[PDB]
Structure formats: C-alpha cells, structure tokens
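**Q** Contents are mmCIF, C-alpha atoms and all ligand atoms; file name coords_14.cif:
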```cif
data_run
#
loop_
_atom_site.label_atom_id
_atom_site.label_comp_id
_atom_site.auth_asym_id
_atom_site.auth_seq_id
_atom_site.Cartn_x
_atom_site.Cartn_y
_atom_site.Cartn_z
CA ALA T 162 0.00 0.00 0.00
CA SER T 163 2.65 2.48 1.10
CA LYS T 164 5.75 3.74 -0.68
CA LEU T 165 8.02 1.76 1.61
CA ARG T 166 6.04 -1.44 1.18
CA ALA T 167 6.40 -1.01 -2.59
CA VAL T 168 10.15 -0.59 -2.18
CA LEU T 169 10.31 -3.80 -0.14
CA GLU T 170 8.40 -5.63 -2.88
CA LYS T 171 11.02 -4.58 -5.41
CA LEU T 172 13.84 -5.65 -3.07
CA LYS T 173 12.51 -9.23 -2.72
CA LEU T 174 14.67 -12.03 -4.11
CA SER T 175 13.26 -14.13 -6.93
CA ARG T 176 12.68 -17.79 -6.02
CA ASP T 177 14.17 -18.81 -9.34
CA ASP T 178 17.31 -16.71 -8.80
CA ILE T 179 17.67 -18.24 -5.33
CA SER T 180 17.36 -21.77 -6.66
CA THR T 181 19.99 -21.24 -9.32
CA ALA T 182 22.43 -19.30 -7.10
CA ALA T 183 22.17 -21.65 -4.12
CA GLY T 184 23.03 -24.65 -6.25
CA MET T 185 25.92 -22.84 -7.95
CA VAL T 186 27.42 -21.63 -4.64
CA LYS T 187 27.05 -24.98 -2.87
CA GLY T 188 28.79 -26.82 -5.67
CA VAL T 189 31.81 -24.54 -5.63
CA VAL T 190 32.08 -24.20 -1.85
CA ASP T 191 31.73 -27.95 -1.26
CA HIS T 192 34.39 -28.58 -3.91
CA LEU T 193 36.87 -26.14 -2.33
CA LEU T 194 36.20 -27.59 1.12
CA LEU T 195 36.97 -31.09 -0.09
CA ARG T 196 40.13 -29.97 -1.86
CA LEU T 197 41.42 -27.80 1.01
CA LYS T 198 41.11 -30.80 3.35
CA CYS T 199 43.84 -32.41 1.19
CA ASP T 200 46.36 -29.81 2.27
CA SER T 201 48.13 -30.57 5.55
CA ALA T 202 47.52 -27.07 6.93
CA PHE T 203 43.78 -26.89 6.17
CA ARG T 204 42.96 -30.54 6.88
CA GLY T 205 40.42 -29.49 9.51
CA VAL T 206 38.40 -26.76 7.76
CA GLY T 207 34.66 -26.56 8.24
CA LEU T 208 31.96 -24.37 6.70
CA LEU T 209 29.98 -21.60 8.39
CA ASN T 210 27.51 -19.61 6.30
CA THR T 211 27.40 -15.91 7.22
CA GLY T 212 26.23 -12.56 5.96
CA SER T 213 23.03 -11.20 4.52
CA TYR T 214 21.93 -14.13 2.36
CA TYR T 215 21.96 -16.52 5.30
CA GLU T 216 20.27 -13.88 7.52
CA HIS T 217 17.53 -13.44 4.89
CA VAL T 218 18.27 -9.71 4.54
CA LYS T 219 20.02 -9.85 1.18
CA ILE T 220 18.25 -7.42 -1.17
CA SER T 221 17.54 -7.18 -4.91
CA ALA T 222 19.44 -10.20 -6.19
CA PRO T 223 21.12 -13.29 -4.61
CA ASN T 224 24.46 -12.45 -6.14
CA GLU T 225 26.72 -12.10 -3.09
CA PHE T 226 27.35 -14.83 -0.54
CA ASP T 227 29.61 -14.95 2.50
CA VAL T 228 31.10 -18.04 4.09
CA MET T 229 33.75 -18.76 6.67
CA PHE T 230 36.14 -21.70 6.36
CA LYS T 231 36.91 -22.22 10.05
CA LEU T 232 39.76 -24.19 11.65
CA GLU T 233 39.78 -25.12 15.31
CA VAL T 234 43.14 -24.25 16.82
CA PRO T 235 43.25 -25.87 20.26
CA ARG T 236 45.31 -24.29 23.04
CA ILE T 237 45.01 -20.86 21.45
CA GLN T 238 46.63 -17.99 23.38
CA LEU T 239 45.70 -14.43 22.48
CA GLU T 240 47.42 -11.12 23.11
CA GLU T 241 45.57 -7.92 22.40
CA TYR T 242 47.43 -5.70 19.95
CA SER T 243 48.23 -2.21 21.31
CA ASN T 244 44.92 -1.54 23.15
CA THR T 245 42.94 -1.85 19.88
CA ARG T 246 40.29 -4.14 21.56
CA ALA T 247 39.47 -5.94 18.30
CA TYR T 248 42.88 -7.04 16.96
CA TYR T 249 45.03 -9.79 18.49
CA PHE T 250 48.20 -11.76 18.16
CA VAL T 251 47.71 -15.52 18.18
CA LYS T 252 50.53 -17.25 20.04
CA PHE T 253 51.22 -20.91 19.42
CA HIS T 261 51.59 -28.34 9.83
CA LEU T 262 51.12 -24.81 11.25
CA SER T 263 54.85 -24.17 11.53
CA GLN T 264 54.98 -22.69 8.02
CA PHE T 265 52.90 -19.84 9.44
CA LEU T 266 54.94 -18.94 12.50
CA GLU T 267 56.87 -15.66 12.69
CA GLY T 268 58.51 -16.35 16.03
CA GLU T 269 55.89 -17.86 18.34
CA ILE T 270 53.34 -15.65 16.58
CA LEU T 271 50.95 -17.39 14.17
CA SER T 272 51.03 -14.87 11.28
CA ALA T 273 47.62 -13.92 9.92
CA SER T 274 49.07 -12.72 6.62
CA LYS T 275 51.11 -15.90 6.14
CA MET T 276 48.05 -18.09 6.59
CA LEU T 277 45.81 -15.95 4.39
CA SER T 278 48.46 -15.95 1.67
CA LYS T 279 48.63 -19.74 1.65
CA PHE T 280 44.84 -20.04 1.86
CA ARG T 281 44.47 -17.73 -1.12
CA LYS T 282 47.13 -19.62 -3.09
CA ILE T 283 45.49 -23.03 -2.57
CA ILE T 284 42.04 -21.70 -3.55
CA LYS T 285 43.50 -20.05 -6.66
CA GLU T 286 45.10 -23.28 -7.79
CA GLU T 287 41.97 -25.29 -7.06
CA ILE T 288 39.41 -23.14 -8.88
CA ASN T 289 41.63 -23.31 -11.94
CA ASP T 290 41.02 -27.09 -12.10
CA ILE T 291 37.23 -26.64 -12.03
CA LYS T 292 36.55 -27.24 -15.73
CA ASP T 293 32.78 -27.90 -15.37
CA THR T 294 32.04 -24.42 -13.95
CA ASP T 295 33.25 -20.92 -14.72
CA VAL T 296 34.94 -19.76 -11.49
CA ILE T 297 37.50 -16.99 -11.12
CA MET T 298 39.32 -15.24 -8.26
CA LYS T 299 38.66 -11.55 -7.93
CA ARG T 300 41.57 -9.24 -7.31
CA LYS T 301 42.64 -8.96 -3.69
CA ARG T 302 40.78 -6.05 -2.10
CA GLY T 303 42.88 -4.19 0.45
CA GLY T 304 42.03 -4.64 4.11
CA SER T 305 39.74 -7.58 3.46
CA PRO T 306 40.18 -10.93 5.19
CA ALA T 307 38.17 -12.62 2.43
CA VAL T 308 39.21 -14.41 -0.74
CA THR T 309 36.53 -13.48 -3.27
CA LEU T 310 35.30 -15.72 -6.12
CA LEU T 311 33.05 -14.87 -9.05
CA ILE T 312 30.90 -17.77 -10.31
CA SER T 313 29.55 -17.69 -13.88
CA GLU T 314 30.35 -13.96 -14.22
CA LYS T 315 27.46 -13.23 -11.84
CA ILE T 316 27.68 -14.52 -8.25
CA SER T 317 30.35 -13.30 -5.83
CA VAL T 318 31.39 -15.49 -2.90
CA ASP T 319 33.59 -14.10 -0.09
CA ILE T 320 35.44 -16.95 1.64
CA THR T 321 37.01 -15.89 4.95
CA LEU T 322 39.57 -18.06 6.71
CA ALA T 323 38.84 -18.15 10.43
CA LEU T 324 40.47 -19.65 13.47
CA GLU T 325 37.91 -21.08 15.87
CA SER T 326 38.35 -20.78 19.64
CA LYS T 327 36.17 -22.56 22.15
CA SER T 328 37.62 -20.52 25.01
CA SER T 329 35.82 -17.75 26.84
CA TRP T 330 35.38 -14.63 24.78
CA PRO T 331 38.11 -11.96 25.17
CA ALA T 332 37.70 -9.35 27.90
CA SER T 333 37.02 -6.62 25.33
CA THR T 334 33.60 -8.21 24.79
CA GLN T 335 32.57 -8.26 28.46
CA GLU T 336 30.25 -5.23 28.07
CA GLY T 337 29.10 -5.99 24.51
CA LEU T 338 26.10 -7.90 23.17
CA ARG T 339 23.70 -5.88 25.33
CA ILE T 340 20.71 -8.05 24.42
CA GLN T 341 19.37 -8.78 27.92
CA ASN T 342 16.25 -6.62 27.68
CA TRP T 343 15.48 -7.75 24.13
CA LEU T 344 16.49 -11.40 23.65
CA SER T 345 17.07 -12.18 27.42
CA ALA T 346 19.94 -12.69 29.80
CA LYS T 347 19.70 -16.44 29.39
CA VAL T 348 20.16 -16.05 25.61
CA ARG T 349 23.18 -13.77 26.16
CA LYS T 350 24.73 -16.40 28.42
CA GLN T 351 24.03 -19.13 25.85
CA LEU T 352 25.52 -17.12 22.99
CA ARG T 353 28.68 -16.32 24.95
CA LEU T 354 29.27 -20.05 25.51
CA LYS T 355 29.60 -20.43 21.72
CA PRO T 356 33.00 -20.27 20.00
CA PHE T 357 34.51 -17.07 18.74
CA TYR T 358 36.50 -16.56 15.54
CA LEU T 359 39.69 -14.79 14.45
CA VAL T 360 39.96 -13.68 10.82
CA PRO T 361 43.06 -12.32 8.99
CA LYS T 362 42.06 -8.66 8.97
CA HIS T 363 45.06 -6.71 10.22
CA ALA T 364 45.25 -3.76 12.62
CA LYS T 365 46.27 -0.37 11.28
CA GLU T 366 49.92 0.42 11.98
CA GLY T 367 50.76 3.96 10.92
CA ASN T 368 49.93 4.29 7.24
CA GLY T 369 50.25 0.50 6.97
CA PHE T 370 49.17 -2.69 8.69
CA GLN T 371 50.37 -5.02 11.40
CA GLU T 372 50.33 -8.05 9.14
CA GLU T 373 50.69 -10.64 11.93
CA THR T 374 47.45 -9.60 13.62
CA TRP T 375 43.96 -11.11 13.51
CA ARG T 376 40.51 -9.60 14.05
CA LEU T 377 37.79 -10.90 16.36
CA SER T 378 34.66 -11.96 14.52
CA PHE T 379 31.17 -12.82 15.76
CA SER T 380 29.48 -13.14 12.36
CA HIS T 381 27.87 -16.39 13.52
CA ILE T 382 26.25 -14.61 16.49
CA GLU T 383 24.94 -11.86 14.20
CA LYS T 384 23.25 -14.55 12.07
CA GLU T 385 21.76 -16.25 15.14
CA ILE T 386 20.33 -12.94 16.34
CA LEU T 387 18.88 -11.96 12.95
CA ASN T 388 17.28 -15.38 12.48
CA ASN T 389 15.82 -15.44 15.99
CA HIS T 390 15.21 -11.78 16.45
CA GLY T 391 12.03 -11.30 18.50
CA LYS T 392 11.30 -10.93 22.18
CA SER T 393 8.57 -13.48 21.46
CA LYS T 394 9.89 -16.89 20.44
CA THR T 395 7.21 -16.99 17.74
CA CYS T 396 8.00 -13.55 16.26
CA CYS T 397 7.39 -13.79 12.50
CA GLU T 398 6.17 -17.40 12.78
CA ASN T 399 2.52 -16.41 12.44
CA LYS T 400 0.34 -13.73 10.91
CA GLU T 401 -0.26 -12.01 14.23
CA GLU T 402 3.49 -11.52 14.93
CA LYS T 403 5.02 -10.32 11.63
CA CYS T 404 7.32 -7.62 12.86
CA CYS T 405 9.19 -5.19 10.61
CA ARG T 406 12.73 -5.53 12.00
CA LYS T 407 14.14 -7.28 8.90
CA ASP T 408 12.26 -4.96 6.56
CA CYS T 409 13.77 -1.96 8.31
CA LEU T 410 17.29 -3.43 7.98
CA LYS T 411 16.63 -4.09 4.27
CA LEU T 412 15.53 -0.49 3.76
CA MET T 413 18.57 0.90 5.59
CA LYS T 414 20.82 -1.31 3.47
CA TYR T 415 19.09 -0.13 0.30
CA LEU T 416 19.37 3.53 1.34
CA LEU T 417 23.13 3.15 1.76
CA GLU T 418 23.49 0.95 -1.37
CA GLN T 419 21.68 3.59 -3.45
CA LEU T 420 23.62 6.54 -2.04
CA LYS T 421 26.96 4.77 -2.58
CA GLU T 422 25.95 4.03 -6.17
CA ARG T 423 24.89 7.63 -6.85
CA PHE T 424 28.00 9.00 -5.11
CA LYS T 425 30.42 6.34 -6.35
CA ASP T 426 32.79 9.07 -7.59
CA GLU T 427 32.56 10.99 -4.29
CA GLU T 428 35.41 9.98 -1.98
CA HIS T 429 33.32 10.92 1.07
CA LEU T 430 31.21 7.75 0.72
CA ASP T 431 34.10 5.29 0.14
CA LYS T 432 34.47 4.08 3.71
CA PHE T 433 30.80 3.51 4.53
CA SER T 434 29.63 -0.06 4.37
CA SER T 435 26.60 -2.19 4.96
CA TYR T 436 28.19 -3.30 8.23
CA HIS T 437 27.76 0.24 9.55
CA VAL T 438 24.01 0.07 9.00
CA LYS T 439 23.87 -3.50 10.37
CA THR T 440 25.66 -2.40 13.54
CA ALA T 441 23.42 0.63 13.97
CA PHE T 442 20.41 -1.62 13.43
CA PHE T 443 21.45 -3.97 16.23
CA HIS T 444 21.81 -0.93 18.53
CA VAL T 445 18.30 0.27 17.61
CA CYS T 446 16.98 -3.20 18.44
CA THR T 447 18.63 -2.89 21.86
CA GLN T 448 17.08 0.54 22.30
CA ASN T 449 13.62 -0.72 21.18
CA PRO T 450 13.46 -4.26 22.62
CA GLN T 451 9.70 -4.94 22.47
CA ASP T 452 8.07 -6.56 19.45
CA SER T 453 5.32 -3.93 19.75
CA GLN T 454 7.96 -1.32 18.79
CA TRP T 455 8.36 -3.10 15.44
CA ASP T 456 4.74 -3.65 14.40
CA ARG T 457 4.21 -4.11 10.66
CA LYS T 458 1.61 -1.37 10.76
CA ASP T 459 4.26 1.09 11.95
CA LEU T 460 6.80 0.36 9.17
CA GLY T 461 7.32 4.04 8.29
CA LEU T 462 7.84 5.06 11.90
CA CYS T 463 10.14 2.10 12.57
CA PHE T 464 12.21 2.90 9.53
CA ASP T 465 12.42 6.51 10.65
CA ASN T 466 13.65 5.29 14.07
CA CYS T 467 16.45 3.51 12.25
CA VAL T 468 17.33 6.48 10.02
CA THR T 469 17.39 8.95 12.90
CA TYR T 470 19.51 6.60 15.02
CA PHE T 471 22.02 6.31 12.20
CA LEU T 472 22.00 10.08 11.76
CA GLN T 473 22.77 10.45 15.47
CA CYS T 474 25.68 7.99 15.12
CA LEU T 475 27.07 10.09 12.26
CA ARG T 476 26.66 13.43 14.07
CA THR T 477 28.20 12.18 17.33
CA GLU T 478 30.85 10.11 15.53
CA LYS T 479 29.82 7.10 17.68
CA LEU T 480 29.06 3.66 16.31
CA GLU T 481 30.38 1.04 18.70
CA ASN T 482 31.00 -2.43 17.44
CA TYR T 483 28.04 -4.35 18.87
CA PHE T 484 30.31 -6.99 20.46
CA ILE T 485 33.37 -4.85 21.27
CA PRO T 486 32.11 -1.57 22.76
CA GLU T 487 35.43 0.25 22.91
CA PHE T 488 35.93 -0.34 19.17
CA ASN T 489 34.30 2.74 17.55
CA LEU T 490 33.53 2.13 13.88
CA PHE T 491 32.96 5.88 13.47
CA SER T 492 36.19 6.96 15.13
CA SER T 493 37.92 9.82 13.39
CA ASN T 494 40.88 7.40 13.10
CA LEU T 495 38.76 5.36 10.69
CA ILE T 496 36.46 7.89 8.97
CA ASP T 497 37.06 11.65 8.59
CA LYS T 498 34.54 14.00 10.18
CA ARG T 499 34.00 15.64 6.77
CA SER T 500 32.86 12.30 5.33
CA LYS T 501 30.38 11.67 8.14
CA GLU T 502 28.98 15.20 7.68
CA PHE T 503 28.66 14.55 3.95
CA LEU T 504 26.67 11.36 4.48
CA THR T 505 24.59 13.20 7.14
CA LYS T 506 23.71 15.77 4.52
CA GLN T 507 22.58 13.20 1.96
CA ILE T 508 20.56 11.12 4.43
CA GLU T 509 18.90 14.25 5.87
CA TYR T 510 17.91 15.20 2.33
CA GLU T 511 16.35 11.80 1.77
CA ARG T 512 14.51 11.89 5.10
CA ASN T 513 13.22 15.42 4.47
CA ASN T 514 11.99 14.57 0.97
CA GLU T 515 10.39 11.14 1.56
CA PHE T 516 13.35 9.15 0.16
CA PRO T 517 13.41 10.04 -3.53
CA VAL T 518 16.46 7.78 -3.88
CA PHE T 519 14.00 4.88 -3.50
CA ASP T 520 11.93 5.96 -6.54
CA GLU T 521 12.36 3.87 -9.68
CA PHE T 522 11.50 6.74 -12.07
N1 LIG E 601 33.89 -4.42 9.09
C1 LIG E 601 33.39 -5.58 9.54
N2 LIG E 601 33.54 -5.90 10.84
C2 LIG E 601 33.07 -7.07 11.28
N3 LIG E 601 32.39 -8.00 10.60
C3 LIG E 601 32.25 -7.65 9.33
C4 LIG E 601 32.70 -6.49 8.72
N4 LIG E 601 32.34 -6.46 7.39
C5 LIG E 601 31.73 -7.61 7.21
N5 LIG E 601 31.64 -8.38 8.34
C6 LIG E 601 30.92 -9.64 8.52
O1 LIG E 601 30.90 -10.33 7.27
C7 LIG E 601 29.54 -10.47 6.81
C8 LIG E 601 29.55 -10.39 5.30
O2 LIG E 601 30.08 -9.10 4.94
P1 LIG E 601 29.39 -8.31 3.78
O3 LIG E 601 29.15 -9.20 2.57
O4 LIG E 601 30.17 -7.05 3.57
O5 LIG E 601 28.00 -7.92 4.48
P2 LIG E 601 26.50 -8.36 4.42
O6 LIG E 601 26.03 -8.24 5.82
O7 LIG E 601 26.43 -9.78 3.83
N6 LIG E 601 25.73 -7.20 3.52
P3 LIG E 601 25.46 -7.30 1.87
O8 LIG E 601 26.36 -8.33 1.25
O9 LIG E 601 25.74 -5.88 1.28
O10 LIG E 601 24.05 -7.66 1.75
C9 LIG E 601 28.79 -9.37 7.55
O11 LIG E 601 27.41 -9.65 7.70
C10 LIG E 601 29.47 -9.39 8.92
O12 LIG E 601 28.98 -10.48 9.69
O1 LIG E 602 36.74 -6.21 6.66
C1 LIG E 602 35.99 -6.53 5.74
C2 LIG E 602 35.95 -5.66 4.51
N1 LIG E 602 34.73 -5.85 3.71
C3 LIG E 602 34.71 -6.52 2.54
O2 LIG E 602 35.77 -7.01 2.16
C4 LIG E 602 33.51 -6.68 1.76
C5 LIG E 602 33.13 -5.74 0.81
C6 LIG E 602 32.00 -5.91 -0.01
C7 LIG E 602 31.27 -7.09 0.19
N2 LIG E 602 31.67 -8.02 1.08
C8 LIG E 602 32.73 -7.85 1.85
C9 LIG E 602 33.03 -9.01 2.91
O3 LIG E 602 33.89 -8.75 3.76
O4 LIG E 602 32.33 -10.00 2.82
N3 LIG E 602 35.19 -7.70 5.84
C10 LIG E 602 35.12 -8.63 6.91
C11 LIG E 602 34.64 -9.93 6.65
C12 LIG E 602 34.54 -10.92 7.60
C13 LIG E 602 34.92 -10.56 8.86
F1 LIG E 602 34.85 -11.52 9.86
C14 LIG E 602 35.41 -9.32 9.15
CL1 LIG E 602 35.84 -8.97 10.78
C15 LIG E 602 35.51 -8.31 8.20
MN MN E 603 27.29 -10.17 1.88
MN MN E 604 30.77 -10.09 1.33
ZN ZN E 605 9.83 -10.76 13.81
#
```
Rewrite the structure from the file as structure tokens, please.

**A**
Amino acid sequence: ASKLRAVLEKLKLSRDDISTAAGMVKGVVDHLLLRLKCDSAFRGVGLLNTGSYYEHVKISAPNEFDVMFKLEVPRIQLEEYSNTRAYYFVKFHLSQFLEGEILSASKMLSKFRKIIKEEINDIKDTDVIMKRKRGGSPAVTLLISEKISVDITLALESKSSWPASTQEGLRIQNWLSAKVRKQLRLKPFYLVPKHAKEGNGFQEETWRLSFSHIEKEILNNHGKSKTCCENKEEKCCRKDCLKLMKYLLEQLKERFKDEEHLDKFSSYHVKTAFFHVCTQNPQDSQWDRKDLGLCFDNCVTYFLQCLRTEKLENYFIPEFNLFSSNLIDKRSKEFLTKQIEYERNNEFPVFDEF
C-alpha cells in the first residue's frame, strides 16, 4: 500500500534466482572444502555460512554470498594488539605460518588464497574466477559464472571464553534475554586475517575478532517473542527496516560512487546501527508491521545520530568505535549526514524507480 512497502516488494529475491544461485554456490564451496582438506595445513576446515543471504536480509538479487572456512586451533593464546580491543596476536603443519611464536595472519591468508587459486583453476565444469585482492579484506573473493560473488574468509575457531574486550558488549538482555546472552557467549569465537592499522600501513601478523555467527543467530531469531514472524499475528518489521537501511546506503553509494566521502561507509555500519536500535527498542510492539514508516524513521534517525556524534560502537566490542575519526574523517560523516537528511526530508526520492 505504502511507498516503503512497494520498495520492499522490489527488493525481494526471486525464487528462481535463489534456486539457481544456491546450487551454484554450494557446488563450488563444497568442492573447495573437499580440496582444502587435502592440504596438511587446512585438513580441519569446516563451513559456516554468514552474511546477509543466510540472515535473509540480502536485497535485490542473490548475487553475493559470505562463508567462513573455520579451523579449530586448540590451546590458542591471544594477546591484544596495542589496546585496539578488536585485533590480536595468536601465540602458538602450522609451523609454516609462525613468525617467532606468533601465528602470522598474513602468512596463513596468503597460503589459503594460493590453494584456492590453484583449485578453482582445475574446475573445468564451472566458470569460477578469483577476484583481485581487495585491500584490508580478510576474504578471498570468487566470481561464479560472471554473476555470483562469494567471499570466503579463513577463520580460526576458539572454544575458550570470549576476550575481555567483549565483556560489556552484546547488550541483548532486555530484548532477547539474559539467558540467551549467556548461551551465545558459551559459543566459540572466531579470528579472521584482517590486520590492525599500523601507521599508514598494517600489522600483518594480527587477527581480528569476529562474531558473524552470532549476528546470524540474532537476525534469524530476532524477536522478544519466540514466535516472532512465525505467524500472521506476529510479523514484525525488524528485517524490513534493515533491508531499507541497506538499500538507502546501497543507493547513495551508487549515486555517489565518484565521491570519496562515501568510500568508507559499508553495509556493516548500518547492520551495527540496526542492532543498537533493536537494543534501544526491545519490544516486538515497537516493530509492528503497521508502523513500518515510523520504525524505519527510528532507524534512520539513530544512524543520523551515530554520524553526528561520531559514535558507532561495534556491537560486540564496545570500545571499538567504527565511526572513530581514526577510521572515517569528520567531513565524510557530515557529507553522508547531509545526503541522508535530504532523503529523510523529501520522503526518500532515492528509492523511486522513475
Ligand atoms: N567491518 C566488519 N567488521 C566485522 N564483521 C564484518 C565487517 N564487514 C563484514 N563483516 C561480517 O561479514 C559479513 C559479510 O560481509 P558483507 O558481505 O560485507 O556484508 P553483508 O552483511 O552480507 N551485507 P550485503 O552483502 O551488502 O548484503 C557481515 O554480515 C558481517 O557479519
Ligand atoms: O573487513 C571486511 C571488509 N569488507 C569486505 O571485504 C567486503 C566488501 C563488499 C562485500 N563483502 C565484503 C566481505 O567482507 O564479505 N570484511 C570482513 C569480513 C569478515 C569478517 F569476519 C570481518 Cl571482521 C571483516
Ligand atoms: Mn554479503
Ligand atoms: Mn561479502
Ligand atoms: Zn519478527
């Protein structure tokens, strides 16, 4: 009926596209998993599916999938890197990766990337290529059949207690319950080969904490009520609001692709801000389908406040500020503030098709 509901209709994924893309991705991922198990270093890899497709908040087309290839490293000892809260040294067939007693993130990622590159070349039945290494990413990115991108992130799995920098994160007690928080923090955590900033460069030995699996569990079990979105009387608009925030940023980045001020914004910024708004608004009655426009406004104004105050804490690691001036210039946040305010004040013309 409404403008926003019409936008959501256009953002829905086609069942046929899903069927084709799911089969294509599974074939390639399962192949690489099998072949990586042949290498002595990656003998123990397992699959975890992550990101927006597996949280059912992928929009427009199923053409971008995220997966972790995780390895359990028992007796893992961590050392936080230079008070960064999110980046760590890992102290420790893995010997090829040691730089001292440090298990080098870049060394492992390099070898991981090299094995995958050699293995996709032998896939003659399918058209699979490696995309160029994108700086700062822990992923190795594939393109299947010129159309579907798959980001494969190497991860070390730890079944130890989560690091102390997470003690005050995951503030879900009033929304999803204290007992759920306790259950989630008994799950493993992951380290991925995303390196801390060091000057104008990177500390290439360091790893980054990742809780992508907890983000998926929260998105796929997202209500105060256990039956949220399982029946026609409890269809909340939380996922719709995240889809609309993602589309707002996707559209602005496309329009402003030649404007440097939008380069460092990402869908993870809107995902993080969305989790915070869920913490702020914990009741399912604050996400009623009939209030879609108000709920989406709640999300837009929260994100605008994050930009203006330069505060967007990582949801798991509260002293890691994604909107720190060390990461994004004030001028760039003000620029995005300007464009989002324009959309809010004009009923989101960037959502119009014509
Ligand atoms: N900067 C980051 N910090 C922590 N985790 C991240 C970061 N970027 C990506 N991730 C994780 O990796 C997943 C996949 O990344 P990405 O493909 O960029 O996002 P997405 O959520 O799948 N959104 P999209 O692909 O645009 O629909 C995210 O959902 C996060 O769980
Ligand atoms: O840091 C990054 C940079 N982002 C990307 O490379 C990107 C860009 C466009 C689409 N997708 C992606 C992707 O990452 O999937 N990603 C990241 C991934 C897993 C993690 F556990 C952590 Cl901590 C960070
Ligand atoms: Mn994705
Ligand atoms: Mn991705
Ligand atoms: Zn719901």

**Q** Restricting the calculation to all atoms listed in the file, which member of T:411, T:457, T:327, T:512 is positioned closest to residue 169 in chain T?

**A**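 Closest candidate: T:411.
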
**Q** Given all atoms listed in the file as the basis, pick out the residue of T:220, T:229, T:396, T:234 nearest to residue 408 in chain T.

**A**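 With all atoms listed in the file as the atom set, the closest residue is T:220.
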
**Q** Check the smallest atom-to-atom distance from each of T:326, T:477, T:335, T:321 to residue 209 in chain T using only C-alpha atoms, then report the winner.

**A**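 That would be T:321, the residue with the smallest distance to residue 209 in chain T.
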
**Q** If the limit is 12 Å from any atom of ligand MN 603 (chain E), counting all atoms listed in the file, which residues qualify? Return them as a PyMOL selection string.

**A** chain T and resi 210-220+222-229+307+309+316-321+380+384+414+434-436+439

**Q** Keeping C-alpha atoms for every residue in the selection just given, could you write it to a file as a PDB file, in the coordinates of the input?

**A**
```pdb
ATOM      1  CA  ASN T 210      27.510 -19.610   6.300  1.00  0.00           C
ATOM      2  CA  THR T 211      27.400 -15.910   7.220  1.00  0.00           C
ATOM      3  CA  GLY T 212      26.230 -12.560   5.960  1.00  0.00           C
ATOM      4  CA  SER T 213      23.030 -11.200   4.520  1.00  0.00           C
ATOM      5  CA  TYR T 214      21.930 -14.130   2.360  1.00  0.00           C
ATOM      6  CA  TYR T 215      21.960 -16.520   5.300  1.00  0.00           C
ATOM      7  CA  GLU T 216      20.270 -13.880   7.520  1.00  0.00           C
ATOM      8  CA  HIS T 217      17.530 -13.440   4.890  1.00  0.00           C
ATOM      9  CA  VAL T 218      18.270  -9.710   4.540  1.00  0.00           C
ATOM     10  CA  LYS T 219      20.020  -9.850   1.180  1.00  0.00           C
ATOM     11  CA  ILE T 220      18.250  -7.420  -1.170  1.00  0.00           C
ATOM     12  CA  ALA T 222      19.440 -10.200  -6.190  1.00  0.00           C
ATOM     13  CA  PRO T 223      21.120 -13.290  -4.610  1.00  0.00           C
ATOM     14  CA  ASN T 224      24.460 -12.450  -6.140  1.00  0.00           C
ATOM     15  CA  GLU T 225      26.720 -12.100  -3.090  1.00  0.00           C
ATOM     16  CA  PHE T 226      27.350 -14.830  -0.540  1.00  0.00           C
ATOM     17  CA  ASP T 227      29.610 -14.950   2.500  1.00  0.00           C
ATOM     18  CA  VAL T 228      31.100 -18.040   4.090  1.00  0.00           C
ATOM     19  CA  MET T 229      33.750 -18.760   6.670  1.00  0.00           C
ATOM     20  CA  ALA T 307      38.170 -12.620   2.430  1.00  0.00           C
ATOM     21  CA  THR T 309      36.530 -13.480  -3.270  1.00  0.00           C
ATOM     22  CA  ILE T 316      27.680 -14.520  -8.250  1.00  0.00           C
ATOM     23  CA  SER T 317      30.350 -13.300  -5.830  1.00  0.00           C
ATOM     24  CA  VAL T 318      31.390 -15.490  -2.900  1.00  0.00           C
ATOM     25  CA  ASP T 319      33.590 -14.100  -0.090  1.00  0.00           C
ATOM     26  CA  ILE T 320      35.440 -16.950   1.640  1.00  0.00           C
ATOM     27  CA  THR T 321      37.010 -15.890   4.950  1.00  0.00           C
ATOM     28  CA  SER T 380      29.480 -13.140  12.360  1.00  0.00           C
ATOM     29  CA  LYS T 384      23.250 -14.550  12.070  1.00  0.00           C
ATOM     30  CA  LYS T 414      20.820  -1.310   3.470  1.00  0.00           C
ATOM     31  CA  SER T 434      29.630  -0.060   4.370  1.00  0.00           C
ATOM     32  CA  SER T 435      26.600  -2.190   4.960  1.00  0.00           C
ATOM     33  CA  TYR T 436      28.190  -3.300   8.230  1.00  0.00           C
ATOM     34  CA  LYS T 439      23.870  -3.500  10.370  1.00  0.00           C
TER      35      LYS T 439
END
```

**Q** From the options T:409, T:308, T:251, T:232, which residue's atoms come nearest to ligand LIG 602 (chain E), counting only C-alpha atoms and all ligand atoms?

**A**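 Checking each of T:409, T:308, T:251, T:232 against ligand LIG 602 (chain E), counting only C-alpha atoms and all ligand atoms, the winner is T:308.
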
**Q** Would you list the residues that come within 9 Å of ligand ZN 605 (chain E)? Count all atoms listed in the file and give the answer as a list in words.

**A**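 Answer in the requested format: residues 388, 389, 390, 391, 392, 393, 395, 396, 397, 398, 402, 403, 404, 405, 406, 407, 452, 455 and 456 of chain T.
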
**Q** How many Å separate CA of residue 428 in chain T from atom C2 of ligand LIG 601 (chain E)?

**A** 21.7 Å

**Q** Need the shell around residue 330 in chain T: protein/DNA/RNA residues with any atom at most 9 Å away, counting only C-alpha atoms. Skip same-chain ones fewer than 6 positions apart. Format as a PyMOL selection string?

**A** chain T and resi 353-357

**Q** Could you rebuild range 165-173 of chain T with N, CA, C and O atoms and give it back as a CSV table (one decimal), keeping the file's coordinate frame?

**A**
```csv
chain,number,residue,atom,x,y,z
T,165,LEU,N,7.0,2.7,1.1
T,165,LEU,CA,8.0,1.8,1.6
T,165,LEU,C,7.7,0.3,1.4
T,165,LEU,O,8.5,-0.5,1.1
T,166,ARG,N,6.4,-0.1,1.5
T,166,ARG,CA,6.0,-1.4,1.2
T,166,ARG,C,6.3,-1.8,-0.3
T,166,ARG,O,6.8,-2.8,-0.6
T,167,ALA,N,6.1,-0.8,-1.2
T,167,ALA,CA,6.4,-1.0,-2.6
T,167,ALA,C,7.9,-1.2,-2.8
T,167,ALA,O,8.3,-2.0,-3.6
T,168,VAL,N,8.7,-0.4,-2.1
T,168,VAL,CA,10.2,-0.6,-2.2
T,168,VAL,C,10.5,-2.0,-1.7
T,168,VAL,O,11.3,-2.7,-2.4
T,169,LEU,N,10.0,-2.5,-0.6
T,169,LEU,CA,10.3,-3.8,-0.1
T,169,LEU,C,9.9,-4.8,-1.2
T,169,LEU,O,10.6,-5.8,-1.4
T,170,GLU,N,8.8,-4.7,-1.8
T,170,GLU,CA,8.4,-5.6,-2.9
T,170,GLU,C,9.5,-5.7,-3.9
T,170,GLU,O,9.8,-6.8,-4.4
T,171,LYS,N,10.0,-4.6,-4.4
T,171,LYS,CA,11.0,-4.6,-5.4
T,171,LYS,C,12.3,-5.2,-4.9
T,171,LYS,O,13.1,-5.7,-5.7
T,172,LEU,N,12.6,-5.1,-3.6
T,172,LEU,CA,13.8,-5.6,-3.1
T,172,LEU,C,13.8,-7.2,-2.9
T,172,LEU,O,14.8,-7.8,-2.5
T,173,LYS,N,12.6,-7.8,-3.0
T,173,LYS,CA,12.5,-9.2,-2.7
T,173,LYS,C,13.4,-10.0,-3.7
T,173,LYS,O,13.5,-9.6,-4.9
```
